[PDB]
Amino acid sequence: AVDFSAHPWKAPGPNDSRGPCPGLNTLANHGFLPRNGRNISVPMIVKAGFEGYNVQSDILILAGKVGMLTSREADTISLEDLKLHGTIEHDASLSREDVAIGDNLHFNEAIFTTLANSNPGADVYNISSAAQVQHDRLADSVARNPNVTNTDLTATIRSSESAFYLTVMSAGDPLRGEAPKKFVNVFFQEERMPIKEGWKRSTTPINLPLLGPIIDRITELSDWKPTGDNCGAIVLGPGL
């Protein structure tokens, strides 16, 4: 059914739509999603995320339908549409700059330094390192971004994203909440599945029951606190 050898990595061209999400960009760069990054529906995302990563429909339907709000189309997006600030896209990203003081769309190596340097002395990233990175990235946004938004919702989304890189890029059981640095680094820096380096699609389904306790533990270890508004309101569509 799914043949990874028939899904080679190819660099996106200059008119291939790419977004702020390394998960979806990586699927597109391997043809699990359309390589042009356009006309993508939630069914397409569900199937691509299952085939590529063994991520289940529960989280992809929930996230996907929120992502659909970022376009002007009835049932599709471009991947670039997802950069719409305050729908899903948030400050204190792991690999992108805050929209008020920089580029909220493209991989940025200087931002990524915090993650790349985390968990000193080990060859994996794990739940405690992930939490430390989140704490540090939010401190960076509070220090440098006069428009910073930090809410219960953005904090949960951020922990979700960390749980994603820990699980989808895992070597063994994604339950363990740890992933080889060499796999995660390739994922973010090149938006490529690190097949050559020894990565394989998880044989364990990654769903909400699995991710939940990981998300909550990342949040707990990150020493997160409310800083201001705390209204979990999302942007419901472009140009409002």
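Throughout, we count residues from 1 along the sequence that is shown. Rigid core: the largest C-alpha set superposing within 1.5 Å between the two forms.
- Greater C-alpha displacement in 8 other deposited structures of this protein (rigid core superposition, RMS over structures and residues), of 221-229 versus 16-24: 221-229.
- The stretch with the higher mean CA B factor, choosing between 30-38 and 170-178, is 170-178.
- Here the stretch with the larger average CA B-factor, out of 157-165 and 116-124, is 116-124.
- For residue 133, the recorded CA B-factor ranks within the lowest third of the chain. Only modelled residues enter the ranking.
- Looking at the C-alpha B-factors along this chain, the one for residue 92 belongs to the lowest third.
- Ranked against the other modelled residues of its chain, the C-alpha B-factor of residue 190 as given in the entry falls in the middle third.
- The PDB entry assigns residue 142 a C-alpha temperature factor belonging to the middle third of its chain's modelled residues.
- The deposited CA B-factor of residue 221 belongs to the middle third of values across its chain.
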